[PDB]
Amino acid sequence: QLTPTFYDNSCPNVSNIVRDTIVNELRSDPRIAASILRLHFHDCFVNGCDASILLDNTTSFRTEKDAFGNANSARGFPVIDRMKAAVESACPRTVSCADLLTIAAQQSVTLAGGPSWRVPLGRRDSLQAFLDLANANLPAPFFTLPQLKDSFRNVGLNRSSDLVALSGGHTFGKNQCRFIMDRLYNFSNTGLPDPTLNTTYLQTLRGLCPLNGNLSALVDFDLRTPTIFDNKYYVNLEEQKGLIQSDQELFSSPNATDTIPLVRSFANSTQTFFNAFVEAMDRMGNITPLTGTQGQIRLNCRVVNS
């Protein structure tokens, strides 16, 4: 069983070292907190939170970094290497990369103004990476609500609260124009924009992402508070201002009978959202972990120990 006190004797300073690393990085890269939370999400949705996403290519298995949901998108790997080295110096061969990334995600959320809590620990590192599984399990922005629900259920998160609360991760961070081009100019082959996108915001987004423009251009997920972790993401949805299709469907999908009340509840109360986010985060962090003597305590998060 995972426990928040796992390193209280072997490495009581691990959380502080992780925090310091992120604080320093945030000065030159204000997007790193968001990037790190996303790395944890993409780690957990593929064979569980086992740091499999951190592994680089080998001649026997491909890296998950080349998955459709990670390639030219996932970032912050060098920052993880940095905190891992700092932690390895303070506590040799003690903290797994899987746990390190989990702590990094929580600290990132807190540093951005979100809730503060101690995450369950005791996870161990995978002996391989899963590219095919990553391509199959990571949800895409063009997924319908039923598809989003299916994706979460597939990895073990059955609750609509899991989906709505965790989607709150889009309260900060960046998104490439490529992922909303259809919503802006030709949605579902209708030759028209997505009707669930506020028309005033549509104009703004079209200006940032013109047709035939730079598809890699970045746009803020939350137009209200782009870098602050808060409940503004849900207020946006209520106004049809969710950035990607998967965001807005939580409020506008024909299948949103169960998610709409959750969106409203989180928009109406920061406390309600924060409580739900921590609850959902710990549930995601509990997805099929390797524990005890299973797996290893990876020394270099990019490669399996030898």
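Numbers follow the displayed sequence, beginning with 1.
Mean CA temperature factor is higher for 197-205 when stretches 197-205 and 151-159 are set side by side in the entry. Checked against the record, the higher mean CA B factor of 29-37 and 43-51 lies with 29-37. Residue set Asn137, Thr190, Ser126, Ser167: peak C-alpha B-factor at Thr190 (per PDB entry). Within the group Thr259, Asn57, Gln245, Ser252, the record's highest C-alpha temperature factor is found at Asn57. Remark: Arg93 belongs to the highest third of its chain, ranked by C-alpha B-factor as recorded.
In the deposited entry, the Cα temperature factor of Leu211 sits in the top third of values across the chain's modelled residues. Among all modelled residues in this chain, the alpha-carbon of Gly295 has a temperature factor (C-alpha) in the middle third.
Per-chain ranking of the deposited C-alpha B factor places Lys65 in the lowest third. Among the modelled residues of its chain, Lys174 has a C-alpha B-factor that falls in the middle third according to the deposited record.
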